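First comes the structure, then the notes that go with it.
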Amino acid sequence: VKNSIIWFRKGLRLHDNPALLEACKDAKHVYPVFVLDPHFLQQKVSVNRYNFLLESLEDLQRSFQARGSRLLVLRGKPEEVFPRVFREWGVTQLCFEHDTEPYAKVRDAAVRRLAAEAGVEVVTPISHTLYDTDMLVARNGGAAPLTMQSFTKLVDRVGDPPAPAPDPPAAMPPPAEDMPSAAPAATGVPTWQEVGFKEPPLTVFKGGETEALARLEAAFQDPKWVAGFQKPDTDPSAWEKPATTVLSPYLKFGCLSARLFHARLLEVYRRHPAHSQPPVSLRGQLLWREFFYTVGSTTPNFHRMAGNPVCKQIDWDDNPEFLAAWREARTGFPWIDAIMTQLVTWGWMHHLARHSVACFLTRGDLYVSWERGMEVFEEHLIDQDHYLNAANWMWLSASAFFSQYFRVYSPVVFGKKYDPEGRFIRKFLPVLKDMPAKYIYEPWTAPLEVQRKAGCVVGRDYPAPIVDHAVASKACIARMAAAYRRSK
Ligand SMILES: Cc1cc2nc3c(=O)[nH]c(=O)nc-3n(C[C@H](O)[C@H](O)[C@H](O)COP(=O)(O)OP(=O)(O)OC[C@H]3O[C@@H](n4cnc5c(N)ncnc54)[C@H](O)[C@@H]3O)c2cc1C
Ligand SMILES: [Cl-]
């Protein structure tokens, strides 16, 4: 008799899940498993992202219950729980999606060793990325492309990515009954209060495959907008209706198939011959994701500076005071402080909004290491991706992929081009709601009578700017220029 385990780590969905389809094939009992460590906080992670994970697990639970099954949330470490459930459940096959992150390679190699001792077959298909990333490297002569131009030319030679896998059957083989490790009281999905958090999440994006597909269809309600999508032209100040899809948290956890996303993009492109082309198209944005996954997975110490063969060694300053003001959104620049407040409130900001805060902290004004601001992003971002977070921080700090350090965003003028009235600032910084638009981006320039009238006196209700952007940016550009000559 065949008894299988479908192990969820990423790929928290039922659609386009070849690991789930194999586990259900000729199976008498299937055990949907998610391994949860009950001591994760007692050792980092915000309640926004972690509750986003729990909502994604609750969505899988209701989907498995509608097919006669049930999701098992096991507590402990995979190295300690799986050797037990192999014998207890009589497992003959273990299936899970392939992951290329550093911790996953150490973890999955250990579990495969344990599965071989128990005589369990291991099937690990590829469906988190568009292509087999090792195949793309081998097709390129054994090395990953280091530019988007060459990378886009590589995938065009390989062809279309595999089509998404079909849906699982309407009825699944349920877990065996009266199994001690599958007791419902020990395998349920916990709430955010039970895992240890004390403050409630404030984000407006709900997790789960159902919400991911609902947001996918909403983006495709206007095929003209999908075909003519151009990433650099979108509005970072739009918050009532974000200018992009905001599918990043669902692609990070696997709530949405990247291959299903790509398949729907090609259907619209076929009926719109003037559609946008990479790297600015919507398909191009999925290729940025695939590109950073390909380079990051084959580069040692990608997430760091030292020992990173692609990251330039810059003598970033160790200034805890500048980092603290930037982290706590008290820089004195309302454009930056509002974006950082959106980071801690929603866990998601627009791409160009992330450019503004990352440039200001690194090569723009404060000259703080990109590793420090990234630890802040890894804490609060609900779409936090090990490879995408690191690769884009090296981009904005002019350490890798990007080298035009003479391009420095202004924390005053940038947002004013989109939102001259400062509506975005007034939403996330309510202390400036009564400030006139002439001074909403430069509140320290307002006369004292205006500050009093608006109920926002600089230095009392809102902090003064920590630096002079004209003075700070010139010093950073001179130091970046001296760093690019000492490389060679
Ligand atoms: C400093 C910095 C840190 C970032 N950290 C992350 C991160 O941890 N997780 C993350 O998903 N993205 C990250 N990005 C990329 C980008 O900010 C987001 O992917 C994007 O803002 C998400 O909104 P969206 O889903 O509407 O994007 P869309 O424009 O709708 O793009 C569609 C999808 O393509 C991918 N994508 C888009 N732009 C990029 C990009 N520049 N690089 C890689 N993939 C991209 C994402 O999966 C996204 O969901 C970072 C960018 C910067 C500048
Ligand atoms: Cl600018």
Side-chain angles (χ1 to χ4, degrees), residues 49 128-130 148 151 205 212 215-216 218-220 225-226 229-236 238 241-258 261-262 264-265 276 278-296 303 335 339-340 342-343 346-364 370-402 406-418 441 469 473:
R49 193 170 66 253
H128 180 73
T129 57
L130 292 175
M148 173 55 62
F151 184 79
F205 306 108
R215 192 165 194 94
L216 175 68
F220 278 80
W225 180 89
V226 172
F229 180 90
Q230 291 197 25
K231 186 57 165 298
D233 301 359
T234 50
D235 194 333
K241 183 106 78 66
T244 59
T245 64
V246 199
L247 289 171
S248 51
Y250 307 96
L251 293 169
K252 173 263 186 312
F253 283 106
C255 300
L256 172 68
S257 168
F261 197 180
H262 193 277
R264 297 281 302 269
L265 288 169
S276 51
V280 301
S281 62
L282 241 188
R283 166 171 180 265
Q285 303 310 298
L286 289 182
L287 288 183
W288 285 106
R289 174 176 184 271
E290 195 81 11
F291 169 67
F292 293 149
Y293 262 84
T294 307
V295 184
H303 57 287
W335 175 248
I339 299 173
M340 296 301 300
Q342 187 183 36
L343 171 61
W346 288 11
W348 185 95
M349 318 94 80
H350 189 269
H351 179 58
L352 292 176
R354 308 195 197 187
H355 271 231
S356 291
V357 290
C359 179
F360 180 81
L361 179 77
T362 62
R363 60 171 181 89
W370 57 278
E371 303 193 59
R372 300 291 83 80
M374 192 162 42
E375 297 164 349
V376 176
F377 273 27
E378 245 121 81
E379 179 175 6
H380 294 281
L381 278 179
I382 60 176
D383 57 7
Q384 166 262 331
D385 191 297
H386 175 88
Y387 288 135
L388 308 185
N389 213 275
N392 284 268
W393 268 103
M394 289 184 290
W395 186 293
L396 264 296
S397 61
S399 305
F401 311 114
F402 178 79
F406 291 104
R407 180 67 181 100
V408 179
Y409 302 114
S410 172
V412 168
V413 188
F414 187 80
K416 189 175 299 183
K417 302 180 275 70
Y418 307 92
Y441 287 90
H469 175 59
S473 60

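By convention here, the first residue in the shown sequence is residue 1. Start at 1 and go down the list; that is how both ligands and their atoms are numbered. Hydrogens, waters and symmetry mates are skipped; everything else that's a heavy atom, side chains included, is used.
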If you draw the axis of the six-membered ring of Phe220, does the NZ or CZ of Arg264 fall within 45° of it and under 6.0 Å from the ring centre?
yes
Under 6.0 Å from the ring centre and within 45 degrees of the ring axis: does the NZ or CZ of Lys231 meet both conditions for the six-membered ring of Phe229?
no
So which bit of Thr234 gets within less than 4.0 Å of ligand 1, heavy atoms only: side chain, backbone, both or neither?
neither
At a non-hydrogen distance cut-off of under 4.0 Å, which region of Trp395 contacts ligand 1 (side chain, backbone, both, or neither)?
neither
Are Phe291 and ligand 1 in contact, using a heavy-atom cut-off of under 4.0 Å?
no
Does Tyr250 reach ligand 1, in the sense of a heavy atom lying below 4.0 Å from it?
no
If you measure every N/O of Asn392 against every N/O of ligand 1, is any gap under 3.5 Å?
yes
Consider every N or O of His355 and every N or O of ligand 1, then say whether any pair is closer than 3.5 Å.
no
To which protein heavy atom is atom 38 (N) of ligand 1 closest, and what is the distance rounded to 0.1 Å?
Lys231 NZ, 3.0 Å
Can you tell me the protein heavy atom closest to atom 32 (C) of ligand 1 and the distance?
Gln285 CB, 3.8 Å
Does the distance from a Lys or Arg side-chain N to an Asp or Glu carboxylate O, for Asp383 and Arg354, drop under 4.0 Å?
yes
Using the benzene-type ring in the case of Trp, are the ring centres of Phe205 and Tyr250 under 6.0 Å apart?
no
